[PDB]
């Protein structure tokens, strides 16, 4: 029920081609993952706007920075094999990182953990970059947090902290004004 114009009113710096590509996919997968009321949609789209640079990115930009170098050989990421650190760099509208997390997402979205392990670039395609963000939101209980209007807990579950909170709130204020 969200128009392309409403999406652009939130993501005022999105390219028109980005709106064109992602608006149909957002409408489809928000419905499938029950992101389906004004408060759920407003909080979801505001987080997506920040996390993806207003649809500019579905993949991490690789340095490697000192931080990205230390993705290699991280058992908490499941990066057990040489090359896993870069192979499973962040991908998605909400960027997912590491072999074990690609495997989990792959199983949920394709029926097999191997799909995104064999072709990690699938997670950067518009289809799976969008569906994975909706699935993450659903699976981490963020619809229930949105119902309670707990934007800070939503931010912590997505980011691990409150990095970018002011940016996320700015998008949310635009979303409320254009969607409610």
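Numbering follows the first chain given and starts at 1.
Mean CA B-factor: is it higher for 12-20 or for 164-172?
Stretch with the greater average CA B-factor: 12-20.
Can you tell me whether 23-31 has a higher mean C-alpha B factor than 65-73 in this record, or the other way round?
Averaging CA B-factors over each stretch, the winner is 65-73.
Would you mind checking which of 46, 155, 37, 132 has the top Cα temperature factor in the PDB entry?
Answer for 46, 155, 37, 132: 37, with the highest C-alpha B-factor.
According to the PDB entry, is the CA B factor of residue 53 in the bottom, middle or top third of its chain, that is, lowest, middle or highest?
Bottom third by C-alpha B-factor.
By the record's CA B-factor, is residue 87 among the lowest, middle or highest third of residues in the chain?
Answer is middle: the recorded C-alpha B-factor places it there.
How does residue 80 rank on Cα B-factor within its chain, lowest, middle or highest third?
According to the entry, residue 80 has a C-alpha B-factor in the chain's highest third.
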